[PDB]
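mind folding the following:
(4 chains)
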Amino acid sequence: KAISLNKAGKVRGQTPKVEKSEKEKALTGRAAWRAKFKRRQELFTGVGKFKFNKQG
RNA sequence: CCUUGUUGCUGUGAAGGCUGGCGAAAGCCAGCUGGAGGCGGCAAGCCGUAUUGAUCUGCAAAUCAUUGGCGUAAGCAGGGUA
RNA sequence: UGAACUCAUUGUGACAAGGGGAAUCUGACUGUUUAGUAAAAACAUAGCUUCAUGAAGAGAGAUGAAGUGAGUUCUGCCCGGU
RNA sequence: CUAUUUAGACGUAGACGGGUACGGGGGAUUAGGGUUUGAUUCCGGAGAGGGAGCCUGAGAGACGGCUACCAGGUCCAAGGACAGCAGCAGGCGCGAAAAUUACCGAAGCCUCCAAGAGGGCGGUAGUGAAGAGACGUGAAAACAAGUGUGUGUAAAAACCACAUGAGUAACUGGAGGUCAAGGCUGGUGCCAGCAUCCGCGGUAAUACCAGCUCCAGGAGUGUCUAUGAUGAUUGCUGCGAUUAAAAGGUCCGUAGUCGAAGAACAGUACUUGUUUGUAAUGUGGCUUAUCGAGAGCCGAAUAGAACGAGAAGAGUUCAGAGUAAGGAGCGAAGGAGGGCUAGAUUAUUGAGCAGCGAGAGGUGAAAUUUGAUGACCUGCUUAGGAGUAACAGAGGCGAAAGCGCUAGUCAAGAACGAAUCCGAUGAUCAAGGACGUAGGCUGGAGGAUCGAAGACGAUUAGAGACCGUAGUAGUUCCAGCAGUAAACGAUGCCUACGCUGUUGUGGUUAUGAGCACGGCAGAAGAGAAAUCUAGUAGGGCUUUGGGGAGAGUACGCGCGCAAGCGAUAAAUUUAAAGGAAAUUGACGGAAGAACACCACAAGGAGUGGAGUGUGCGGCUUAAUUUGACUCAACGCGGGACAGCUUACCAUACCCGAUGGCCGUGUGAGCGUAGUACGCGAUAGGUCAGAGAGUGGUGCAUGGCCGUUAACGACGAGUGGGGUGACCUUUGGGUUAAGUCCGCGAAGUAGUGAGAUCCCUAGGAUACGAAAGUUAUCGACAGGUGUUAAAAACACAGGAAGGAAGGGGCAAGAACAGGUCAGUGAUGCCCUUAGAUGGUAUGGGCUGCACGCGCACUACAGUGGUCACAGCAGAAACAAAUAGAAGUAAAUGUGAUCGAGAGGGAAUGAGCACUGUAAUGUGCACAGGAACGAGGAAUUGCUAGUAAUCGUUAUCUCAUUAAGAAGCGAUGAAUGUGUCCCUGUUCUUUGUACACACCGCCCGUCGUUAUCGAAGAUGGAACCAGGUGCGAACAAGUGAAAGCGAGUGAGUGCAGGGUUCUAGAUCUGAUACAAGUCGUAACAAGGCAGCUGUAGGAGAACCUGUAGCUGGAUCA
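Residues are numbered from 1 along each chain as shown, chains lettered A, B, ... in the order given. Structure data below:
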């Protein structure tokens, strides 16, 4: 029974190209760690609930 | 059908037997002894495959040479008888 | 059965004396046949199967008639015609 | 190595052959016990393209020495010459795979005749994210990498010191679960892709493709491939074998592994001391480079060996010792244990003869078939070959397979009783040996019954099968071969420790009990449960399993006359497996209780047959619009259609939210006796996008209905049992109803029923003066009779008597039940000015060869006709001279008619009514069809019921009832039961179904792919041997010429041993979305299934014979 290869690549053609927006140089090493440690202060409490990423 | 004549040399090695080993048994393995067979190679013989040889006014109204098949046997043969 | 020495082509010295292997068709084997153009795959053979008979100087492990062809393995279906 | 003598040497504790390998010190992982690796700094071995010979030397069978062959090369003037990077750089190939044709009088060492010469050995840098350390990528005031001097070195660079500039510096994999972190926004619509595994995507994708935010590790992070761990899935420590994979059919037996008490003895294992035995690595430490890997120094150490010591266990010996260890023997007794000899009561067939005179046989029902040549049945005679009924059992015997009549005879064994004898003789078992139901095979004997194969008769779409008739090999015996079973208690053999009650068999007994071999019922433990040959446990020895498939198959080998059997692989494929047991449903062609005139039995009236009225299918037509199909479609869709209804056909006529773009008072359109007159923007073409439809899909839905069912079921706490899915427990009586009464590891409250309305029947003491109306009352099985309780009848009184009668309301769960043509209830698809939207005039829905469902008049006399009366539920009625809607009718009295004067179908010329229109209805006169009580079947109904008779101021309705829904008149007949039919509920029952029987599933045939066997004829390579021939070198002998043992490379010719590969054709397996033919298995799966063996067959499979329950029976 018939088979064909006519459709290879389709979705990569049809998805509209969007440009990457600019951003700062991010931290690295201990610098990144001081930044994370201040954000997560709630979580280091044994009560209440932190949430890393929410879209509401 | 009755009465007779005619088996020399060699190979292979069945049945039966004796020793030695192995095995709990049954019975297995060696070496020797024995000498069966419409069994092998030949002789005397009996036959007739090839050369499509010789001969074809023949040696001969069926022979000759070399080459072949069987040869311890449903083998070959004289006389008497049907 | 060994060993040594010896020879100018080497030694079953003349005579006598197997060529061998791989496959296929066919008949089991030894045996027989067209005297005088055919020796064969043809005939025979052991074994297998069928048939008829209580008659005998013979008495069913008998006496005659046919077909197939040792051994192994198989031998299906049809009694309308003759 | 050679001469003569002796036959040895080595093997199941694995010889010999083949395959594979540099060996250790050490490395990786690791709680422990282990599993894997070692070309690779140290030690020892071998080699220098492949083989072989050799001179020199203290030392080489040397290759940066020589000589010859074989395979390859280089230069030439063609005559000859040279050469070997598994040294250091470097090049080409091969591969998925690995650096500079660099500097060196310095460090560590080696070489010479040396106050010096040589060394790619060694050192120094360059190159590369194989590995391992320490740190940058900012701080809150103030941060690498640069540069210059000095150092450093053999010379350098880097490193470090001081001094100058300054302000540079993160990516890889992810975000549904395992597994840390987004239902974010846009594309795509089972596509494209993602995903180790599970799984995502069919237009609402937290999983694809991207954007944006988060997470993890970080100068690093992902992937592929080997291995160690995960893993008690290789089990010494430490798994399993009743049913999941797994105990050999039973014995004997060698090698092997394992083996009393008592008294003594000896030191080789065993354990331990002292001394040896380890550079690096590793282990326990300390000291110096800024720190940390690194470097330097210290201490102890494995296996292996030398010499002493201790004697528990192991070992050796002894007999004034004699196992709930074995063998020999004695006494009395028991048993379908085995071989042989001689007898037996019946039965089934066959023949003979006699009696009798028509059928016998076989089945669910029948046909083949046999009988007047006398069957069948009943007598008497006989001839054979099998078998041992009932007694006969959770009884006995045997190693298992197996063994059942009675006597006699011949060997051996088990158990029991007891002061017999010998003394370790024993347990288990590769190899080897003996037995083994049935079916089968080789030869003989025989042949009653039964019966594979083969042949018929039936049944079926087809039966080749199941059933019946018949019939052969076999089924029996003797002498052998064979070697398998669901050969199963699916539970190896010895030996232990272990609770109670009961019942057997054989001996013995202080009569209390024991010993051997059993059955049964609990308990406690155990186990995933079911259950227990399964409890406790490092006792000994053998067999044996490691996810499904392919496969107990291929090749080789051993046995067999054959049939075959024993033993046993790879390639390939796949996420689970009809894997195990237990829980809830659905299903069955099961079993057991119940119940009911919408079930039946015993009783009433009909339907099915005629004509007509009406609905359904079929056909016709321009159109005859359409839903619904077992109960639970068919006078049903409130479906009595002239128009309307109306969805269909013919002709004709009529009709548009908004927004953008394009035009307009010089007129964008409209009215008309329509073209010249009247009115004017209002309402104008095209793209988007809205808002009709009796158009489609009820398998996209809501609501409402119908049906299960008008049935007894049905949720909550707390409590008991089970690991849990789950059950609340023994099913005995009653009602319409788990409605109730008993009893319980259960007990307490609720829904449903019931109770709770409304109508109909009786009732003033209330109200009225009109004469009726309404009523909180009245009935409870209360009374009597029936001797547990719960109910019950039968009487009696009573207006009403066992749910007073009749309605009405009415659990949970269900169904792919009906309706989109009821709905401004509704998703999605379709049409939409030449409409699938409205309207009008007509035509159809009403056509007519024909099959069906439900009604109406009938078939007369228990009638027809004439007159006259007279009565309902209650109360409604211009007039009418033949006649043209209305206040009962059956019925009561008198006449009449007399067995087609019953009956009114098709049809004629008329006379009126309703209506917009007759085609519809009424009236008068004719006319006068079938039908003379209905085949197979089939439907309700228990009392003011059924049937009869009219009537509707009820519904449809201008006019049309032969339809429903009421209402009254006249008024019966039969049981008082049952589970047989027909159904419906509950409890036990089986399962490979859960998507739930419309389920699931087997095998041929045909088409594709992929991997493997065989096969006439064949190819490589690569090893060792056997024969030829023989280059180089050569001891010896010779003045010399020569001659030449021996060591041998290469190469002839035959063979073998290994590994690959070709091959016409045949034959397996696996995957085939769904192709063709059947339906073999799973329910009693429609003939219960399965194992062995033998025939047969399109194919699953079918048939004989023995076996098993994993069966549909613990009886």
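
is the lengthiest helix in chain A positioned near RNA strand D?
Among the elements of type helix in chain A, defined by DSSP state H, the one spanning the most residues is helix A:30-39. Yes - applying Cβ under 7 Å from any atom of the strand, one finds helix A:30-39 in contact with RNA strand D at A:30-32, A:34, A:36, A:39. Bear in mind the C-beta positions are built from the backbone N, C-alpha and C, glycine included.

dump those residues to CSV, plus neighbour count.
Conversion of the residues of helix A:30-39 next to RNA strand D to CSV gives the following (neighbours: other Cβ atoms under 10 Å):
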residue, neighbour count
A:30, 8
A:31, 9
A:32, 11
A:34, 10
A:36, 9
A:39, 10
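
out of those, who's nearest residue A:5?
Distances from these to residue A:5 were compared by Cβ to Cβ; the smallest belongs to residue A:32, at 47.1 Å.

apart from its neighbours in sequence, what residue is nearest the closest one?
For residue A:32, the nearest residue in space outside its immediate sequence neighbours is residue A:26; the separation is 7.3 Å by Cβ to Cβ, 6 or more residues apart in numbering.

what's the separation between the most centrally placed residue in chain A and residue A:39?
Within chain A, the residue whose C-alpha comes closest to the C-alpha centroid is residue A:53; the distance, by Cα atoms, centre = their mean, is 9.9 Å. In this view, residue A:53 and residue A:39 are 12 Å apart by Cβ to Cβ, to the nearest Å.
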